[PDB]
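Notes follow the structure.
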Amino acid sequence: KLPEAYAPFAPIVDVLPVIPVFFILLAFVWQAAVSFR
Amino acid sequence: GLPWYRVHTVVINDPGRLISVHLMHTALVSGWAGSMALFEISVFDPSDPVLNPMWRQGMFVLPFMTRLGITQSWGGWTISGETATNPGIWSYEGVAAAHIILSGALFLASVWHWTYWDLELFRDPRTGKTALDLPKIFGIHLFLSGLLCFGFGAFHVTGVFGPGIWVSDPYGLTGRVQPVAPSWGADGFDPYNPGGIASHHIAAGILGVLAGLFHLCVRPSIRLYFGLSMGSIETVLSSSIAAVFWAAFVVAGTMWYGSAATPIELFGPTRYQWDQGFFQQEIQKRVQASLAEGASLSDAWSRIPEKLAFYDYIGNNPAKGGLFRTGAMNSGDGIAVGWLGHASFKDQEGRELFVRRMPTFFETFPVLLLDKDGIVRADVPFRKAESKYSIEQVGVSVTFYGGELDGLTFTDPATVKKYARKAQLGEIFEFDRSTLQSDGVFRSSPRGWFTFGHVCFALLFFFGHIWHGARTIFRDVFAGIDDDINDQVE
Amino acid sequence: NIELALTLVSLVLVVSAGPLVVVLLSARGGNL
Amino acid sequence: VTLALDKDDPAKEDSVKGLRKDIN
Amino acid sequence: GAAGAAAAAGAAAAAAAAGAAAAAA
Amino acid sequence: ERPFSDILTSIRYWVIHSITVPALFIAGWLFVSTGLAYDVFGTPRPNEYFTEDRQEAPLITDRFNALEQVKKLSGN
Amino acid sequence: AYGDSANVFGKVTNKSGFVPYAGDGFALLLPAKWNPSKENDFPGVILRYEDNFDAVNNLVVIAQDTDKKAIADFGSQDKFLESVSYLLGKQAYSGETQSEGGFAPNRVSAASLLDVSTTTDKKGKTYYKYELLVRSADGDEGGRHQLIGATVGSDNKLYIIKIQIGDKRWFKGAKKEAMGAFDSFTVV
Amino acid sequence: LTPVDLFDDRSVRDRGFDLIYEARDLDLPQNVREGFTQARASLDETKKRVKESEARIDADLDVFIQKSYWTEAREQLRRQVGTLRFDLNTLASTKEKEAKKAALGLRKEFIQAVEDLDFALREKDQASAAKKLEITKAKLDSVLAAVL
Amino acid sequence: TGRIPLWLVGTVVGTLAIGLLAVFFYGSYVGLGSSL
Amino acid sequence: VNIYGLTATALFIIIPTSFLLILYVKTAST
Amino acid sequence: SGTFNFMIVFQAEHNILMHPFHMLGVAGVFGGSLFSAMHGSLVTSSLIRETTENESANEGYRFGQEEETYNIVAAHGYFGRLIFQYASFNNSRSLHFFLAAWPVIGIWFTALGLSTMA
Amino acid sequence: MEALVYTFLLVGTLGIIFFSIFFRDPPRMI
Amino acid sequence: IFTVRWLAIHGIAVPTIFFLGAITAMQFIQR
Amino acid sequence: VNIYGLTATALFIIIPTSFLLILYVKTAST
């Protein structure tokens, strides 16, 4: 596990790897917001 | 000009060449029927009808002559196993000749209608062009159809004037051609009743006459003239191809399932008789009929007919075959010579054992010997390194009852394994792989080959129904679509 | 289970945080 | 010794004797 | 069960309130 | 009229489909979580596969008497 | 169709991996993923479960009636296994061979006793527990582990358990299912 | 038909048999599975193998060098010696904290003597490997006079 | 018509469609059909 | 090696081969 | 028959049928056979009438002609009523890209599925 | 014997491939 | 609104959300 | 009944039969 001065922050760490899947999805939201111009 | 696949459509416009081109096909079909019946008579072996019958020898059209009364030959022999004192004119060779003589007569008629195509009958009055009155033409031919149907049913099948059809017992032992009586109750729709066949062709023959008189007189509706495209000779082709694959699924269906119109003495047993234990139960019903009245084992198994034990065999199952395992059933395992007995298995604790028979799916199947209650006690194991059900340790001996090995016991662990692997195939028989140089692996009966053709034909004729129904409804757009056809969108 | 619940709260605050940029920038301004 | 039913059960088990009336 | 219907009826009345929170605006 | 993009962007669509759509999801949730789906379709619950009579897979093995046999195989 | 609620958000009823069994005169904890086999290998089989995955992994209990009251009356543990050596099967290949590797001549299988014990329970009766590895010439499963345990009950009846596990499955977790079933075997 | 035959192998588990079965069940920790817990829990088994490791170094490794058997001297230094790094940490983790730095400092330079002996045995330099070995045995006795 | 933006509909509806799919992968590791 | 298959192969070649050659050389001369 | 041995042994050791990239490859060759029959029949069923019924319709196209020998609007306006109107491709260039991309991407996955089971 | 028939069917198929490439009916433009 | 286009979608969409509520509750049935 | 004579008869028919049919149907269409 993490060092024990950081183990309360371990719930945030389990969400951190999937974030670049949301970066490719954000390019589709931004292009949907300009209506795919 | 035309493509290769469109050459026969020169006949669609003139009815005289349509007579001539159906006459040539009819000369070839009956020319096949006589030629195949001459080929089958020239190779048929009528010596043993009990243990080498016609379906065992690859005879395909000989069980169709024998189904409608032709049982005798110009070589003296019959089917039931006796000498014909008067073969008559309607032998097998008389009918094989009557189709060849008809083949040449239909040949000459086709040459006539090809040259004399421009008959005045084919041109309708007051327009002068070639036309056919297809509602009345159907009414003529439906009238002749129900007249032959009633004639075949009341006279040929019923035995009023004709000979009759083949009728046997449930177990394929005692079968002859005898007349039937029509059965008009609910029993006439049981298709294993031969009386429903005679009761069919009378009732369907009378209705086909009455329907034929309708279509002779009552002209069709105009709304139903255009909607079914009655003025084309191809809307009758599409509906007739639809009629003949419907028929070919029914015909191949009743051949495969078995019916009174498909006897097992002519076409062989069905695959559902091996699966459902049809002959095995009756063989056990007759042993237990004799052990209950007071008799020995070897004196009860001798009372079973050798023909009944031959139906109880996996090699006469029509679904134990192959698509390119060609020829007779005798070419596979040999000509059956004699029933070799009934193998009964006992172990060293004096307990009877019963070989689990090979199911119809299995090309190979492990041999298992089960007890009375259904628990495996012995087998021929694949791994013999540390076994616990081997025949050698369990001590399986085999005794025969009836047949050629009656009252003979085998305790040799090599011999017992040989007959245990023959007992999963059914009753034990002795063959000869030298008379026809047999391969060693089974074939299918004519009951299986007829079914294979007549479902492959019934499925390819579904596509021909689809093609020719499409060419009538879409006759105007066959060569392409119009240039201004863009009005079909919003 | 608070360790599983905070992981869900951390998911929702981040999975919104991308479209939160896109929604807010669409409303005020609009140079996306 | 053996009924005709429990001779066609250990040999075929798809038998029309063994399949019908098999609620017992 | 009950808790599968309690939080179900919670958002049945929350989305009815939140659906009316913008319907009043 | 109404070509699939003035519906999804209309607010009257979502004053309907934010009420009927969750109440239909909950209706599907409660069809199974009240055990009614095990009763309507006759699928066995995870404590209903093996009674005390049999500890093996069922086998129907009888054509015309299957209706009361599957009642005996299920244990009712 | 009795209406019981589905187990939404509910606690499990069995994560032990063992099902308690009670036959006639004995009780043991069967491997929970195993199912009853309709096979009688041996004279005296009461139950015989096998694995769902492969039929090599199986157990069997055997209740022979005997004239003796204690398991020491059968002699010692070394003289006991040679009497009950039929549990390991018989070499059905009486062929002559010297080309199989790691075996005596004409032997295509060789059992090897690896462990004995003399454990008891809260009733006082001692057991004869065995642990073998039976190798074969083809060497299927990497060998086969045998877990033989035997005792005589309070009704002069010899109860013998034999758990057979293929060695391929043994190191992959079927030791926990077998030893947990083998230690749980108590004859009342 | 013959029965199977038994063999008295009840003492192979006492010697070495149930050792690859402990290294294959995935319920034990890997320190129990790799043999790491058992080396730390019993001090005398490390003290047996470390005195055995110098028996493989002080006597068994020079013999392959004067006859120039390189691939039997590269792997003499890895076969039974292949636990000595893990062993010399367990024997040095039983000392005082100013004695452990004296222990791990001597243990660190014996590592630098073996890794220099290995490279001498790698380019087949017999005049260097026979010289690097005498340095290696001196650094070996300095560690073993500290941790035991 | 145009009362709610279509891209915000397609984001939100697409999110709880991906969110519902993640429940189907969550339930594939726990409960029924989890092999434990 | 049978009498059937050696000549069924030759008839399935030559009867459709030459039929197509009858139609092609008819066409290629037009 | 050596190929067939290679397939049968592969499914025992790697379970290729339960692999999604082989599932996508089957979708590429079943889709690629559907779309070959679909695009192949809509073009054939939209041919402009250029020849008679005594000669094949394939004679109505000339190699190198610059006009376009079938009606794309009638083909699109037929598949539109068959399932849905916006479920079709009114763009023949966009039709032929999807016609290329469905087998090629599907076989790209089953080539990688075979290479991941490698 | 049948291997002679097998190679004749394989040589004959490779013959048609050779004629279909180098003796094809050439596409005339316009 | 009961038209053909309404009966086409809600023939599909109404049981789809009913089964998606059913299948989601099956993910939390433990045993 | 030999393998030679049954198929030498069939080849001496069909190879010159169809050759003459190739030349006739070529000619009768001209």
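A, B, C, D, E, F, G, H, I, J, K, L, M and N label the chains in the order they appear, each numbered from 1.
As a convention for this text, contacts are C-beta pairs under 8 Å (C-beta built on N, C-alpha and C of every residue); 3 or more make two chains touch, one makes a residue touch a chain.
Chain by chain, the UniProt names read as follows: A = Photosystem II reaction center protein K; B = Photosystem II CP47 reaction center protein; F = Cytochrome b559 subunit alpha; G = Oxygen-evolving enhancer protein 2, chloroplastic; H = Oxygen-evolving enhancer protein 3, chloroplastic; I = Photosystem II reaction center protein J; J, N = Photosystem II reaction center protein M; L = Photosystem II reaction center protein T; M = Cytochrome b559 subunit beta.
Visitor: Give the fewest steps needed to get from chain B to chain M, where each step moves from one chain to a chain it touches.
Guide: 2
Visitor: Please give the intersection of the contact partners of chain F with those of chain G.
Guide: Per touch definition, common to chain F and chain G: E, M.
Visitor: Based on CA centres, what chain would you say lies at the far end from chain F?
Guide: Between chain F and every other chain, the largest centroid distance is to N.
Visitor: Out of F-I and C-I, which chain pair has the most contact pairs?
Guide: Of F-I and C-I, more C-beta pairs in contact link F-I.
Visitor: Based only on mean CA positions, could you tell me how far chain E sits from chain M in angstrom?
Guide: Taking the mean C-alpha position of each chain, the two centres sit 20 Å apart.
Visitor: Where the CA atoms of chain A average out and where those of chain C average out, how many Å apart are those spots?
Guide: Each chain's C-alpha centroid was found; their separation is 9 Å.
Visitor: Measuring centre to centre with CA averages, how many angstrom lie between chain D and chain L?
Guide: 62
Visitor: Among the residues of chain B, pick out those that touch two or more other chains and give their numbers.
Guide: 374, 386, 390, 392-393
Visitor: Mind pulling the chain N residues that touch 2 or more other chains?
Guide: none
Visitor: Which residues belonging to chain C are in contact with no fewer than two other chains?
Guide: Within chain C, residues 15, 19, 22, 26 contact more than one other chain.
Visitor: Once bound in the complex, which stretches of chain F touch chain M?
Guide: 21, 24-29, 31-33, 37, 46-47
Visitor: Mind pulling up the chain B residues that touch chain G in the complex?
Guide: Checking each residue of chain B against chain G gives 374-377, 381, 383-390, 392-393.
Visitor: For a test of understanding, state which residues of chain G touch chain F in their complex under the given definition.
Guide: Against chain F, chain G makes touches at 1-8, 13, 35-36.
Visitor: Inside the complex, what are the residues of chain H that reach chain G?
Guide: Those in contact with chain G are residues 1-10, 12-13, 17, 21, 24-27.
Visitor: Could you list, by residue number, the parts of chain J that touch chain L in their complex?
Guide: Residues 1, 6, 9, 13 of chain J touch chain L in their complex.
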